[PDB]
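Next comes just one chain, in structure tokens: the form deposited in one PDB entry.
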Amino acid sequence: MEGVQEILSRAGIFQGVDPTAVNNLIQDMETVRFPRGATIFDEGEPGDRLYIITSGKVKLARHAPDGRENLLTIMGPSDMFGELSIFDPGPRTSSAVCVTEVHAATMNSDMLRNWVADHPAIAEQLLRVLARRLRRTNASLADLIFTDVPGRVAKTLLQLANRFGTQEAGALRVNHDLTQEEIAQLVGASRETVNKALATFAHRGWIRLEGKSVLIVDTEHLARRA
């Protein structure tokens, strides 16, 4: 249906790819839905399925023997996950759990081989997608090593707003729905450290802290801090 296939076409994997080929793969894709709280996969599990959300929220968490788990990200419409599986079938690098009911469409490595075979020119476009992904994954590594807590709070707030923000009267209302601990986990620091940084941010007039939402009043200043 138009809107659902509109949502799908927006995914990273299709960004800057041949529009006709994108249409082609979209109609070959299988739909799935999952209920609220459903587990899609567990970290460690073998996989060969890439998911593109068309509706609802999935969280990806990282785990450990000691130092249990850590929210990695939260994802919504047009986002994809599990993409590694279809390029390098192997074990899942995270967990994926449904925060709400979720509707998605999926593919596996075969559908991908067939796809490229049909539209060879897209291999170059998909390498660009795979590299853009890399650019981002190394960045989060660098930030975690070198940026300070306030800085990474600033980053995390901006990243959530890019993905889940509402333009509101010159500001951006971010409706993440996360505990203080989860924000800490995204930032990679302690509930306490992260909460101070937030408070200093409010005190500066850059943000207003309201329930489980953040109103970013001063993007420029907050960004410069990031």
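From 1 onward, residues are counted along the sequence shown.
When the two stretches 129-137 and 91-99 are set side by side, the higher mean Cα temperature factor goes to 129-137. According to the PDB record, 187-195 carries the higher mean C-alpha B-factor of the two stretches 53-61 and 187-195. The PDB entry assigns the greatest CA B-factor among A169, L157, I26, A38 to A169. For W115, the recorded CA temperature factor ranks within the middle third of the chain's modelled residues.
Placement of the Cα temperature factor of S78 within the chain: lowest third of the modelled residues, per the deposited record. Sort the modelled residues of the chain by CA B factor and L84 lands in the middle third.
Compared with the other modelled residues of the chain, the Cα B-factor recorded for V4 ranks in the highest third. For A142, the recorded CA B-factor ranks within the highest third of the chain. Only modelled residues enter the ranking.
Heads up, the form deposited in another entry isn't pictured, but that's what we're talking about next.
Note on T100 and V153: their C-alpha atoms are nearer in that other deposited form, a change of at least 3 Å from this conformation.
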